[PDB]
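A.B. asks: This is upload00.json, which holds JSON, C-alpha atoms and all ligand atoms:
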```json
[["chain", "number", "residue", "atom", "x", "y", "z"],
["A", 458, "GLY", "CA", 0.00, 0.00, 0.00],
["A", 459, "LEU", "CA", 2.84, 2.47, 0.93],
["A", 460, "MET", "CA", 4.68, 1.67, -2.40],
["A", 461, "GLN", "CA", 4.26, 4.69, -4.76],
["A", 462, "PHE", "CA", 5.85, 4.46, -8.22],
["A", 463, "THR", "CA", 7.65, 7.79, -8.99],
["A", 464, "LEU", "CA", 9.05, 8.88, -12.37],
["A", 465, "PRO", "CA", 12.16, 10.95, -13.06],
["A", 466, "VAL", "CA", 11.36, 14.72, -12.85],
["A", 467, "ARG", "CA", 11.02, 15.32, -16.65],
["A", 468, "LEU", "CA", 8.59, 12.30, -16.94],
["A", 469, "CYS", "CA", 6.69, 13.20, -13.72],
["A", 470, "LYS", "CA", 5.91, 16.66, -15.24],
["A", 471, "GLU", "CA", 5.47, 15.84, -18.97],
["A", 472, "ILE", "CA", 3.27, 12.69, -18.35],
["A", 473, "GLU", "CA", 0.47, 15.09, -17.23],
["A", 474, "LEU", "CA", 0.42, 16.77, -20.69],
["A", 475, "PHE", "CA", -1.70, 15.32, -23.56],
["A", 476, "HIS", "CA", 1.29, 15.43, -25.99],
["A", 477, "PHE", "CA", 3.61, 13.26, -23.76],
["A", 478, "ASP", "CA", 5.66, 10.59, -25.64],
["A", 479, "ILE", "CA", 6.20, 7.41, -23.51],
["A", 480, "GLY", "CA", 9.76, 7.17, -24.96],
["A", 481, "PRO", "CA", 11.85, 4.39, -26.55],
["A", 482, "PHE", "CA", 12.64, 2.38, -23.30],
["A", 483, "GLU", "CA", 10.05, -0.51, -23.31],
["A", 484, "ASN", "CA", 11.22, -1.58, -19.78],
["A", 485, "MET", "CA", 9.71, 1.71, -18.38],
["A", 486, "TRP", "CA", 6.19, 1.42, -20.01],
["A", 487, "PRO", "CA", 4.66, -0.96, -17.36],
["A", 488, "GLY", "CA", 5.83, 1.40, -14.56],
["A", 489, "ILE", "CA", 4.45, 4.42, -16.54],
["A", 490, "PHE", "CA", 1.05, 2.62, -16.77],
["A", 491, "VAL", "CA", 1.07, 1.66, -13.02],
["A", 492, "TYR", "CA", 1.92, 5.34, -12.09],
["A", 493, "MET", "CA", -1.05, 6.48, -14.27],
["A", 494, "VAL", "CA", -3.46, 3.94, -12.58],
["A", 495, "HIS", "CA", -2.22, 4.99, -9.05],
["A", 496, "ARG", "CA", -2.83, 8.77, -9.77],
["A", 497, "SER", "CA", -6.02, 8.29, -11.93],
["A", 498, "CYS", "CA", -7.69, 5.66, -9.72],
["A", 499, "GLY", "CA", -5.89, 5.30, -6.34],
["A", 500, "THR", "CA", -3.13, 2.96, -5.00],
["A", 501, "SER", "CA", -6.14, 0.88, -3.67],
["A", 502, "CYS", "CA", -7.95, 0.24, -7.06],
["A", 503, "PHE", "CA", -5.79, -2.82, -7.95],
["A", 504, "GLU", "CA", -3.70, -5.31, -5.93],
["A", 505, "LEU", "CA", -0.22, -4.41, -7.34],
["A", 506, "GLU", "CA", 0.96, -8.13, -7.67],
["A", 507, "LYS", "CA", -2.17, -8.95, -9.84],
["A", 508, "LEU", "CA", -1.93, -5.71, -11.92],
["A", 509, "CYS", "CA", 1.80, -6.33, -12.73],
["A", 510, "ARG", "CA", 0.91, -9.94, -13.73],
["A", 511, "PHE", "CA", -2.03, -8.61, -15.87],
["A", 512, "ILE", "CA", 0.24, -5.96, -17.58],
["A", 513, "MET", "CA", 2.94, -8.55, -18.50],
["A", 514, "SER", "CA", 0.39, -11.05, -19.98],
["A", 515, "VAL", "CA", -1.17, -8.11, -21.94],
["A", 516, "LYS", "CA", 2.32, -7.10, -23.24],
["A", 517, "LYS", "CA", 3.00, -10.78, -24.20],
["A", 518, "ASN", "CA", -0.28, -10.88, -26.27],
["A", 519, "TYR", "CA", 0.59, -7.77, -28.38],
["A", 520, "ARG", "CA", 2.58, -8.70, -31.55],
["A", 521, "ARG", "CA", 5.82, -7.21, -33.01],
["A", 522, "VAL", "CA", 3.98, -5.22, -35.78],
["A", 523, "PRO", "CA", 5.12, -1.70, -36.89],
["A", 524, "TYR", "CA", 2.18, 0.23, -35.27],
["A", 525, "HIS", "CA", -0.62, -1.90, -33.63],
["A", 526, "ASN", "CA", 1.85, -2.92, -30.84],
["A", 527, "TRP", "CA", 2.50, -2.69, -27.04],
["A", 528, "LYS", "CA", 3.80, 0.94, -27.39],
["A", 529, "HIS", "CA", 0.42, 1.90, -29.06],
["A", 530, "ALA", "CA", -1.49, 0.20, -26.15],
["A", 531, "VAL", "CA", 0.39, 2.34, -23.56],
["A", 532, "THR", "CA", 0.28, 5.52, -25.73],
["A", 533, "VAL", "CA", -3.57, 5.15, -25.97],
["A", 534, "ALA", "CA", -3.85, 4.48, -22.18],
["A", 535, "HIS", "CA", -1.69, 7.64, -21.53],
["A", 536, "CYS", "CA", -4.14, 9.78, -23.62],
["A", 537, "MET", "CA", -7.06, 8.31, -21.55],
["A", 538, "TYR", "CA", -5.07, 9.22, -18.36],
["A", 539, "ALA", "CA", -4.71, 12.90, -19.53],
["A", 540, "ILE", "CA", -8.46, 13.22, -20.40],
["A", 541, "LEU", "CA", -9.49, 11.58, -17.04],
["A", 542, "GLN", "CA", -7.03, 13.81, -15.06],
["A", 543, "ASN", "CA", -8.27, 17.08, -16.77],
["A", 544, "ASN", "CA", -11.97, 16.01, -16.12],
["A", 545, "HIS", "CA", -11.58, 14.78, -12.48],
["A", 546, "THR", "CA", -15.20, 14.93, -11.20],
["A", 547, "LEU", "CA", -17.08, 13.74, -14.39],
["A", 548, "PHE", "CA", -16.23, 9.96, -14.25],
["A", 549, "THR", "CA", -17.19, 7.22, -11.72],
["A", 550, "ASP", "CA", -14.74, 5.11, -9.63],
["A", 551, "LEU", "CA", -15.47, 2.06, -11.87],
["A", 552, "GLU", "CA", -15.18, 4.04, -15.18],
["A", 553, "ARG", "CA", -11.62, 5.22, -14.28],
["A", 554, "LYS", "CA", -10.56, 1.61, -13.32],
["A", 555, "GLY", "CA", -12.15, 0.25, -16.55],
["A", 556, "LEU", "CA", -11.13, 2.83, -19.21],
["A", 557, "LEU", "CA", -7.32, 2.64, -18.61],
["A", 558, "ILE", "CA", -7.56, -1.21, -18.74],
["A", 559, "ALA", "CA", -9.79, -0.93, -21.89],
["A", 560, "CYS", "CA", -7.13, 1.30, -23.63],
["A", 561, "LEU", "CA", -4.21, -1.01, -22.64],
["A", 562, "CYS", "CA", -6.23, -4.01, -24.05],
["A", 563, "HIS", "CA", -8.02, -2.31, -27.00],
["A", 564, "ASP", "CA", -5.77, -3.81, -29.77],
["A", 565, "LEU", "CA", -4.78, -7.14, -28.07],
["A", 566, "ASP", "CA", -3.31, -9.73, -30.55],
["A", 567, "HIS", "CA", -3.63, -7.31, -33.52],
["A", 568, "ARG", "CA", -1.92, -8.69, -36.70],
["A", 569, "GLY", "CA", -1.51, -5.27, -38.44],
["A", 570, "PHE", "CA", -4.48, -5.84, -40.84],
["A", 571, "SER", "CA", -7.89, -4.10, -41.08],
["A", 572, "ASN", "CA", -11.33, -5.71, -40.63],
["A", 573, "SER", "CA", -11.72, -5.36, -44.51],
["A", 574, "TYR", "CA", -8.61, -7.56, -45.19],
["A", 575, "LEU", "CA", -9.84, -10.29, -42.74],
["A", 576, "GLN", "CA", -13.21, -10.29, -44.70],
["A", 577, "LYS", "CA", -11.65, -10.49, -48.22],
["A", 578, "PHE", "CA", -9.07, -13.03, -46.92],
["A", 579, "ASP", "CA", -11.95, -15.00, -45.32],
["A", 580, "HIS", "CA", -10.14, -15.25, -41.92],
["A", 581, "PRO", "CA", -11.84, -17.52, -39.31],
["A", 582, "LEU", "CA", -12.37, -14.37, -37.09],
["A", 583, "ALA", "CA", -14.56, -12.83, -39.93],
["A", 584, "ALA", "CA", -16.87, -15.93, -39.76],
["A", 585, "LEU", "CA", -17.06, -15.66, -35.93],
["A", 586, "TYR", "CA", -17.56, -11.81, -35.85],
["A", 587, "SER", "CA", -19.31, -10.31, -38.96],
["A", 588, "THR", "CA", -18.80, -6.63, -37.81],
["A", 589, "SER", "CA", -16.08, -4.96, -35.67],
["A", 590, "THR", "CA", -14.19, -8.26, -36.28],
["A", 591, "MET", "CA", -10.79, -7.41, -34.67],
["A", 592, "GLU", "CA", -12.46, -5.37, -31.87],
["A", 593, "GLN", "CA", -14.65, -8.31, -30.71],
["A", 594, "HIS", "CA", -11.40, -10.39, -30.83],
["A", 595, "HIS", "CA", -9.56, -7.72, -28.69],
["A", 596, "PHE", "CA", -12.38, -7.87, -26.07],
["A", 597, "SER", "CA", -12.33, -11.72, -26.23],
["A", 598, "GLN", "CA", -8.51, -11.69, -25.58],
["A", 599, "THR", "CA", -9.03, -9.22, -22.65],
["A", 600, "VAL", "CA", -11.57, -11.60, -20.94],
["A", 601, "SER", "CA", -9.19, -14.58, -21.51],
["A", 602, "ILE", "CA", -6.23, -12.78, -19.81],
["A", 603, "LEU", "CA", -8.49, -11.57, -16.88],
["A", 604, "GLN", "CA", -9.49, -15.28, -16.35],
["A", 605, "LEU", "CA", -5.87, -16.59, -16.12],
["A", 606, "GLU", "CA", -5.05, -17.59, -12.48],
["A", 607, "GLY", "CA", -3.69, -14.66, -10.39],
["A", 608, "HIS", "CA", -4.77, -12.18, -13.17],
["A", 609, "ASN", "CA", -8.29, -11.11, -12.00],
["A", 610, "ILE", "CA", -7.45, -7.45, -11.09],
["A", 611, "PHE", "CA", -11.24, -6.87, -10.51],
["A", 612, "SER", "CA", -11.68, -9.55, -7.74],
["A", 613, "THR", "CA", -12.38, -6.97, -4.92],
["A", 614, "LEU", "CA", -15.44, -5.69, -6.93],
["A", 615, "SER", "CA", -18.97, -7.14, -6.30],
["A", 616, "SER", "CA", -20.70, -9.47, -8.82],
["A", 617, "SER", "CA", -22.66, -6.39, -10.15],
["A", 618, "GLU", "CA", -19.64, -3.98, -10.15],
["A", 619, "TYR", "CA", -17.68, -6.76, -11.98],
["A", 620, "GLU", "CA", -20.35, -6.95, -14.78],
["A", 621, "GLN", "CA", -20.57, -3.10, -15.05],
["A", 622, "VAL", "CA", -16.72, -2.70, -15.46],
["A", 623, "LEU", "CA", -16.51, -5.54, -18.13],
["A", 624, "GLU", "CA", -19.50, -3.89, -19.93],
["A", 625, "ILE", "CA", -17.65, -0.49, -19.82],
["A", 626, "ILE", "CA", -14.53, -2.30, -21.17],
["A", 627, "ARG", "CA", -16.51, -4.10, -23.94],
["A", 628, "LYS", "CA", -18.32, -0.95, -25.21],
["A", 629, "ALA", "CA", -15.01, 0.99, -24.98],
["A", 630, "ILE", "CA", -13.06, -1.62, -27.09],
["A", 631, "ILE", "CA", -15.93, -2.03, -29.65],
["A", 632, "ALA", "CA", -15.98, 1.83, -30.03],
["A", 633, "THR", "CA", -12.32, 1.79, -31.32],
["A", 634, "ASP", "CA", -13.85, 0.38, -34.57],
["A", 635, "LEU", "CA", -13.51, 3.61, -36.65],
["A", 636, "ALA", "CA", -16.49, 2.35, -38.83],
["A", 637, "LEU", "CA", -18.67, 3.05, -35.72],
["A", 638, "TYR", "CA", -17.03, 6.47, -34.92],
["A", 639, "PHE", "CA", -18.78, 8.54, -37.69],
["A", 640, "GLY", "CA", -22.37, 7.75, -36.59],
["A", 641, "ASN", "CA", -21.32, 8.11, -32.91],
["A", 642, "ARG", "CA", -19.79, 11.63, -33.44],
["A", 643, "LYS", "CA", -22.83, 12.75, -35.60],
["A", 644, "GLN", "CA", -25.27, 11.70, -32.79],
["A", 645, "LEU", "CA", -23.07, 13.41, -30.11],
["A", 646, "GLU", "CA", -22.98, 16.55, -32.36],
["A", 647, "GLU", "CA", -26.85, 16.63, -32.63],
["A", 648, "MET", "CA", -27.27, 16.00, -28.84],
["A", 649, "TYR", "CA", -24.80, 18.80, -27.84],
["A", 650, "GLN", "CA", -26.21, 21.36, -30.41],
["A", 651, "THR", "CA", -29.98, 20.75, -29.74],
["A", 652, "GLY", "CA", -28.89, 20.75, -26.02],
["A", 653, "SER", "CA", -30.27, 17.25, -25.14],
["A", 654, "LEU", "CA", -26.73, 15.89, -24.25],
["A", 655, "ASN", "CA", -27.41, 14.58, -20.69],
["A", 656, "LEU", "CA", -24.45, 12.85, -18.90],
["A", 657, "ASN", "CA", -26.85, 11.14, -16.35],
["A", 658, "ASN", "CA", -28.26, 9.15, -19.34],
["A", 659, "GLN", "CA", -26.18, 5.86, -19.47],
["A", 660, "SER", "CA", -26.74, 5.61, -23.31],
["A", 661, "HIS", "CA", -25.37, 9.21, -23.63],
["A", 662, "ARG", "CA", -22.38, 8.27, -21.34],
["A", 663, "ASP", "CA", -21.58, 5.21, -23.56],
["A", 664, "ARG", "CA", -21.47, 7.50, -26.66],
["A", 665, "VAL", "CA", -19.15, 10.06, -24.88],
["A", 666, "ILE", "CA", -16.83, 7.21, -23.63],
["A", 667, "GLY", "CA", -16.72, 5.90, -27.26],
["A", 668, "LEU", "CA", -15.63, 9.35, -28.60],
["A", 669, "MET", "CA", -12.91, 9.47, -25.89],
["A", 670, "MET", "CA", -11.75, 5.95, -27.04],
["A", 671, "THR", "CA", -11.60, 7.22, -30.67],
["A", 672, "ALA", "CA", -9.72, 10.39, -29.46],
["A", 673, "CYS", "CA", -7.20, 8.27, -27.43],
["A", 674, "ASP", "CA", -6.77, 5.70, -30.25],
["A", 675, "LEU", "CA", -5.98, 8.50, -32.79],
["A", 676, "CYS", "CA", -3.79, 10.57, -30.38],
["A", 677, "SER", "CA", -0.60, 10.06, -32.54],
["A", 678, "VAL", "CA", -2.07, 13.00, -34.63],
["A", 679, "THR", "CA", -2.03, 15.18, -31.39],
["A", 680, "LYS", "CA", 1.72, 14.76, -30.59],
["A", 681, "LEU", "CA", 4.51, 17.24, -31.41],
["A", 682, "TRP", "CA", 5.28, 17.21, -35.18],
["A", 683, "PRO", "CA", 8.47, 15.04, -35.04],
["A", 684, "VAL", "CA", 6.55, 12.29, -33.04],
["A", 685, "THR", "CA", 3.42, 12.53, -35.33],
["A", 686, "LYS", "CA", 5.63, 12.38, -38.48],
["A", 687, "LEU", "CA", 7.69, 9.35, -37.25],
["A", 688, "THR", "CA", 4.51, 7.49, -36.11],
["A", 689, "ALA", "CA", 3.00, 8.13, -39.60],
["A", 690, "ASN", "CA", 5.85, 5.90, -41.00],
["A", 691, "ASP", "CA", 4.93, 2.96, -38.68],
["A", 692, "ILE", "CA", 1.21, 3.47, -39.53],
["A", 693, "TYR", "CA", 1.85, 3.38, -43.34],
["A", 694, "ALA", "CA", 4.25, 0.35, -42.94],
["A", 695, "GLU", "CA", 1.14, -1.68, -41.84],
["A", 696, "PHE", "CA", -1.12, -0.11, -44.56],
["A", 697, "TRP", "CA", 1.45, -0.96, -47.35],
["A", 698, "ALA", "CA", 1.93, -4.56, -46.03],
["A", 699, "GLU", "CA", -1.92, -4.87, -46.09],
["A", 700, "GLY", "CA", -1.91, -3.41, -49.65],
["A", 701, "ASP", "CA", 0.73, -6.02, -50.66],
["A", 702, "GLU", "CA", -1.57, -8.74, -49.19],
["A", 703, "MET", "CA", -4.59, -7.31, -51.11],
["A", 704, "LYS", "CA", -2.65, -7.49, -54.47],
["A", 705, "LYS", "CA", -1.78, -11.14, -53.54],
["A", 706, "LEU", "CA", -5.55, -11.96, -53.43],
["A", 707, "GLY", "CA", -5.87, -10.21, -56.87],
["A", 708, "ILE", "CA", -7.45, -6.98, -55.47],
["A", 709, "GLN", "CA", -5.86, -3.55, -56.25],
["A", 710, "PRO", "CA", -5.73, -1.86, -52.81],
["A", 711, "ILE", "CA", -7.07, 1.69, -52.09],
["A", 712, "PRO", "CA", -4.15, 4.11, -52.88],
["A", 713, "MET", "CA", -3.66, 4.74, -49.07],
["A", 714, "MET", "CA", -2.42, 1.10, -48.80],
["A", 715, "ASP", "CA", -0.47, 0.99, -52.17],
["A", 716, "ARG", "CA", 3.30, 1.42, -51.57],
["A", 717, "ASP", "CA", 3.67, 2.50, -55.26],
["A", 718, "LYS", "CA", 1.56, 5.63, -54.42],
["A", 719, "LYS", "CA", 3.75, 7.00, -51.51],
["A", 720, "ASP", "CA", 3.70, 10.46, -53.27],
["A", 721, "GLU", "CA", -0.12, 10.54, -52.47],
["A", 722, "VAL", "CA", 0.38, 10.03, -48.65],
["A", 723, "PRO", "CA", 0.62, 13.75, -47.59],
["A", 724, "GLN", "CA", -2.73, 14.49, -49.43],
["A", 725, "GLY", "CA", -4.15, 11.28, -47.79],
["A", 726, "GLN", "CA", -3.17, 12.71, -44.30],
["A", 727, "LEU", "CA", -5.12, 15.99, -45.09],
["A", 728, "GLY", "CA", -8.24, 13.92, -45.97],
["A", 729, "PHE", "CA", -7.86, 11.94, -42.74],
["A", 730, "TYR", "CA", -7.29, 15.07, -40.53],
["A", 731, "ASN", "CA", -10.25, 16.86, -42.25],
["A", 732, "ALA", "CA", -12.61, 13.80, -42.44],
["A", 733, "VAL", "CA", -11.78, 12.08, -39.05],
["A", 734, "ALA", "CA", -9.28, 13.78, -36.62],
["A", 735, "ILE", "CA", -10.37, 17.51, -36.67],
["A", 736, "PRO", "CA", -14.11, 16.63, -36.24],
["A", 737, "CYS", "CA", -13.28, 13.95, -33.58],
["A", 738, "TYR", "CA", -11.39, 16.43, -31.27],
["A", 739, "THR", "CA", -13.80, 19.37, -32.13],
["A", 740, "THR", "CA", -16.90, 17.39, -30.93],
["A", 741, "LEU", "CA", -14.86, 16.05, -27.92],
["A", 742, "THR", "CA", -13.72, 19.63, -26.97],
["A", 743, "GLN", "CA", -17.42, 20.82, -27.15],
["A", 744, "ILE", "CA", -18.40, 17.95, -24.75],
["A", 745, "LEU", "CA", -15.22, 18.01, -22.54],
["A", 746, "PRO", "CA", -13.76, 21.55, -22.64],
["A", 747, "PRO", "CA", -10.37, 20.73, -20.95],
["A", 748, "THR", "CA", -9.40, 18.39, -23.91],
["A", 749, "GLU", "CA", -8.96, 21.47, -26.20],
["A", 750, "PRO", "CA", -5.16, 20.85, -26.23],
["A", 751, "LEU", "CA", -5.88, 17.69, -28.34],
["A", 752, "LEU", "CA", -7.80, 19.85, -30.90],
["A", 753, "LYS", "CA", -4.99, 22.51, -30.86],
["A", 754, "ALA", "CA", -2.17, 19.90, -31.38],
["A", 755, "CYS", "CA", -4.30, 18.11, -34.08],
["A", 756, "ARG", "CA", -4.77, 21.48, -35.94],
["A", 757, "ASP", "CA", -0.95, 22.25, -35.65],
["A", 758, "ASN", "CA", -0.12, 18.85, -37.28],
["A", 759, "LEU", "CA", -2.68, 19.50, -40.09],
["A", 760, "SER", "CA", -0.68, 22.71, -40.71],
["A", 761, "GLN", "CA", 2.61, 20.69, -40.75],
["A", 762, "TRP", "CA", 1.07, 18.24, -43.35],
["A", 763, "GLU", "CA", -0.06, 21.19, -45.59],
["A", 764, "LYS", "CA", 3.60, 22.47, -45.33],
["A", 765, "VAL", "CA", 4.91, 19.04, -46.53],
["A", 766, "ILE", "CA", 2.67, 19.40, -49.68],
["A", 767, "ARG", "CA", 3.64, 23.07, -50.36],
["A", 768, "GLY", "CA", 7.28, 21.78, -50.54],
["A", 769, "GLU", "CA", 8.61, 23.68, -47.42],
["A", 770, "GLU", "CA", 9.52, 20.21, -45.87],
["A", 801, "LIG", "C1", -6.71, 5.46, -42.67],
["A", 801, "LIG", "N1", -6.35, 5.61, -41.26],
["A", 801, "LIG", "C2", -6.91, 4.92, -40.20],
["A", 801, "LIG", "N2", -7.91, 3.97, -40.32],
["A", 801, "LIG", "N3", -6.35, 5.29, -39.07],
["A", 801, "LIG", "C3", -5.41, 6.23, -39.34],
["A", 801, "LIG", "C4", -4.50, 6.98, -38.48],
["A", 801, "LIG", "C5", -4.50, 6.78, -37.08],
["A", 801, "LIG", "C6", -3.63, 7.50, -36.32],
["A", 801, "LIG", "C7", -2.78, 8.40, -36.96],
["A", 801, "LIG", "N4", -2.79, 8.58, -38.27],
["A", 801, "LIG", "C8", -3.61, 7.91, -39.08],
["A", 801, "LIG", "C9", -3.62, 8.10, -40.50],
["A", 801, "LIG", "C10", -4.47, 7.39, -41.28],
["A", 801, "LIG", "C11", -5.38, 6.46, -40.72],
["A", 802, "MG", "MG", -7.94, -1.29, -33.20],
["A", 803, "ZN", "ZN", -5.66, 1.24, -31.52]]
```
As structure tokens, how would this structure be written, given the file I've shared?
C.D. replies:
Amino acid sequence: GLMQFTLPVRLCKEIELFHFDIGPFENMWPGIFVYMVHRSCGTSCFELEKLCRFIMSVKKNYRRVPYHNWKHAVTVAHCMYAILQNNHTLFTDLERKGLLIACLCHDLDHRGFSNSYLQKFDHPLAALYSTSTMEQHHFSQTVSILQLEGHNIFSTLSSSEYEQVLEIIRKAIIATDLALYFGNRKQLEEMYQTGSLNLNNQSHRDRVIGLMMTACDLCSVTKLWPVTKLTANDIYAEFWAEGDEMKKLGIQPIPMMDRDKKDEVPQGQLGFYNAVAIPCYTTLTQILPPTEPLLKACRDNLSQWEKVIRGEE
């Protein structure tokens, strides 16, 4: 109980900021996550011995892919930590417990391929889960790891609290399916504007938690330019591999995923910032005012991408 994790001074200060980069030392990421849980939740939330065992199984079930990896898991959980810390009073005890675990687990056992490629490949997972294929797999993997012996970090919860937290986790992981984001943002938009957005309505909470999950999942677009730019390379290394695999099934891939069309990537980033990122953080800022720094950082990176096209870098 009296065993606080502390970070070196630069990390202690910068981890509070939305734009924090968890760094290149993998050995520090578990401790960074524990520190975030202890400050976001309490030193009481989780029995440390169980949490540390949970974290190491979770790490072991992420794959060595360019982007959808362990570092992404912890980066997404750090964004959730920043939102939750800048919106202290708005979230329940159980939500704070659940959402950092959801974010750490949201891409469990990802192979670096989209739901579309599983469907065209005819992967067993596409037969088992017709929509949000990889996301239902991520939640399935989460439940499996929680049910390993010595891994149930939720044991001190009641039967009802247990079901509520796993329901929070399930909706949260499903919501990272970007196919679901568009409808979810549109409905949050209409609720906020007409003024009917009511945070005591559990269905309205679900929607808001989903937008947060999208915001955290995309947060590589909200980092300082050199981080955002270098993460773009890992992101497109998975897209191009998926494009290669599409051509192998005799399907010309969308240009995004075609490694012959690398010249079209900067224009593709504009589309993505304009169509997905800018609206995502706009709507989130309107619902949760203290997350504005995500919108600001997102807008700055859009400006950096327009500069790449103009030729000035
Ligand atoms: C097509 N596309 C999808 N599905 N996710 C992303 C993305 C996610 C984080 C950062 N940059 C990104 C650029 C393009 C993306
Ligand atoms: Mg995912
Ligand atoms: Zn993700």
A.B. asks: List all protein, DNA and RNA residues that have an atom no more than 7 Å from any atom of ligand ZN 803 (chain A), counting only C-alpha atoms and all ligand atoms, and report them as an NGL selection string.
C.D. replies: :A and (525 or 529-530 or 563-564 or 633 or 674)
A.B. asks: Neighbours of ligand LIG 801 (chain A) at 7 Å or closer, counting all atoms listed in the file: which residues, as a PyMOL selection string?
C.D. replies: chain A and resi 635+675-678+689+692+726+729
A.B. asks: Report as a PDB file with C-alpha atoms, keeping the file's coordinate frame which protein, DNA and RNA residues come within 12 Å of ligand MG 802 (chain A), using only C-alpha atoms and all ligand atoms.
C.D. replies:
```
ATOM      1  CA  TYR A 519       0.590  -7.770 -28.380  1.00  0.00           C
ATOM      2  CA  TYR A 524       2.180   0.230 -35.270  1.00  0.00           C
ATOM      3  CA  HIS A 525      -0.620  -1.900 -33.630  1.00  0.00           C
ATOM      4  CA  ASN A 526       1.850  -2.920 -30.840  1.00  0.00           C
ATOM      5  CA  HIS A 529       0.420   1.900 -29.060  1.00  0.00           C
ATOM      6  CA  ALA A 530      -1.490   0.200 -26.150  1.00  0.00           C
ATOM      7  CA  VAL A 533      -3.570   5.150 -25.970  1.00  0.00           C
ATOM      8  CA  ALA A 559      -9.790  -0.930 -21.890  1.00  0.00           C
ATOM      9  CA  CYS A 560      -7.130   1.300 -23.630  1.00  0.00           C
ATOM     10  CA  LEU A 561      -4.210  -1.010 -22.640  1.00  0.00           C
ATOM     11  CA  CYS A 562      -6.230  -4.010 -24.050  1.00  0.00           C
ATOM     12  CA  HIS A 563      -8.020  -2.310 -27.000  1.00  0.00           C
ATOM     13  CA  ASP A 564      -5.770  -3.810 -29.770  1.00  0.00           C
ATOM     14  CA  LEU A 565      -4.780  -7.140 -28.070  1.00  0.00           C
ATOM     15  CA  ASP A 566      -3.310  -9.730 -30.550  1.00  0.00           C
ATOM     16  CA  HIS A 567      -3.630  -7.310 -33.520  1.00  0.00           C
ATOM     17  CA  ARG A 568      -1.920  -8.690 -36.700  1.00  0.00           C
ATOM     18  CA  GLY A 569      -1.510  -5.270 -38.440  1.00  0.00           C
ATOM     19  CA  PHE A 570      -4.480  -5.840 -40.840  1.00  0.00           C
ATOM     20  CA  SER A 571      -7.890  -4.100 -41.080  1.00  0.00           C
ATOM     21  CA  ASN A 572     -11.330  -5.710 -40.630  1.00  0.00           C
ATOM     22  CA  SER A 589     -16.080  -4.960 -35.670  1.00  0.00           C
ATOM     23  CA  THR A 590     -14.190  -8.260 -36.280  1.00  0.00           C
ATOM     24  CA  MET A 591     -10.790  -7.410 -34.670  1.00  0.00           C
ATOM     25  CA  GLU A 592     -12.460  -5.370 -31.870  1.00  0.00           C
ATOM     26  CA  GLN A 593     -14.650  -8.310 -30.710  1.00  0.00           C
ATOM     27  CA  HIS A 594     -11.400 -10.390 -30.830  1.00  0.00           C
ATOM     28  CA  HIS A 595      -9.560  -7.720 -28.690  1.00  0.00           C
ATOM     29  CA  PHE A 596     -12.380  -7.870 -26.070  1.00  0.00           C
ATOM     30  CA  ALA A 629     -15.010   0.990 -24.980  1.00  0.00           C
ATOM     31  CA  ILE A 630     -13.060  -1.620 -27.090  1.00  0.00           C
ATOM     32  CA  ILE A 631     -15.930  -2.030 -29.650  1.00  0.00           C
ATOM     33  CA  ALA A 632     -15.980   1.830 -30.030  1.00  0.00           C
ATOM     34  CA  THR A 633     -12.320   1.790 -31.320  1.00  0.00           C
ATOM     35  CA  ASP A 634     -13.850   0.380 -34.570  1.00  0.00           C
ATOM     36  CA  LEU A 635     -13.510   3.610 -36.650  1.00  0.00           C
ATOM     37  CA  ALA A 636     -16.490   2.350 -38.830  1.00  0.00           C
ATOM     38  CA  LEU A 637     -18.670   3.050 -35.720  1.00  0.00           C
ATOM     39  CA  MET A 670     -11.750   5.950 -27.040  1.00  0.00           C
ATOM     40  CA  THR A 671     -11.600   7.220 -30.670  1.00  0.00           C
ATOM     41  CA  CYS A 673      -7.200   8.270 -27.430  1.00  0.00           C
ATOM     42  CA  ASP A 674      -6.770   5.700 -30.250  1.00  0.00           C
ATOM     43  CA  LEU A 675      -5.980   8.500 -32.790  1.00  0.00           C
TER      44      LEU A 675
END
```
A.B. asks: Write out as CSV the residues of range 647-694 of chain A that have any atom within 12 Å of an atom of range 469-478 of chain A, one row each with the nearest atom pair and its distance in Å to one decimal, counting only C-alpha atoms, sorted by chain and then rising number.
C.D. replies:
```
residue,atom,partner,partner_atom,distance
A:672,CA,A:475,CA,11.1
A:673,CA,A:475,CA,9.7
A:676,CA,A:476,CA,8.3
A:677,CA,A:476,CA,8.7
A:678,CA,A:476,CA,9.6
A:679,CA,A:476,CA,6.3
A:680,CA,A:476,CA,4.7
A:681,CA,A:476,CA,6.6
A:682,CA,A:476,CA,10.2
A:683,CA,A:478,CA,10.8
A:684,CA,A:478,CA,7.6
A:685,CA,A:476,CA,10.0
A:687,CA,A:478,CA,11.9
A:688,CA,A:478,CA,11.0
```
A.B. asks: Would you mind exporting the chosen residues as a PDB file, in the coordinates of the input, restricted to C-alpha atoms?
C.D. replies:
```
ATOM      1  CA  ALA A 672      -9.720  10.390 -29.460  1.00  0.00           C
ATOM      2  CA  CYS A 673      -7.200   8.270 -27.430  1.00  0.00           C
ATOM      3  CA  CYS A 676      -3.790  10.570 -30.380  1.00  0.00           C
ATOM      4  CA  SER A 677      -0.600  10.060 -32.540  1.00  0.00           C
ATOM      5  CA  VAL A 678      -2.070  13.000 -34.630  1.00  0.00           C
ATOM      6  CA  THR A 679      -2.030  15.180 -31.390  1.00  0.00           C
ATOM      7  CA  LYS A 680       1.720  14.760 -30.590  1.00  0.00           C
ATOM      8  CA  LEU A 681       4.510  17.240 -31.410  1.00  0.00           C
ATOM      9  CA  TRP A 682       5.280  17.210 -35.180  1.00  0.00           C
ATOM     10  CA  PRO A 683       8.470  15.040 -35.040  1.00  0.00           C
ATOM     11  CA  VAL A 684       6.550  12.290 -33.040  1.00  0.00           C
ATOM     12  CA  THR A 685       3.420  12.530 -35.330  1.00  0.00           C
ATOM     13  CA  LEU A 687       7.690   9.350 -37.250  1.00  0.00           C
ATOM     14  CA  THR A 688       4.510   7.490 -36.110  1.00  0.00           C
TER      15      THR A 688
END
```
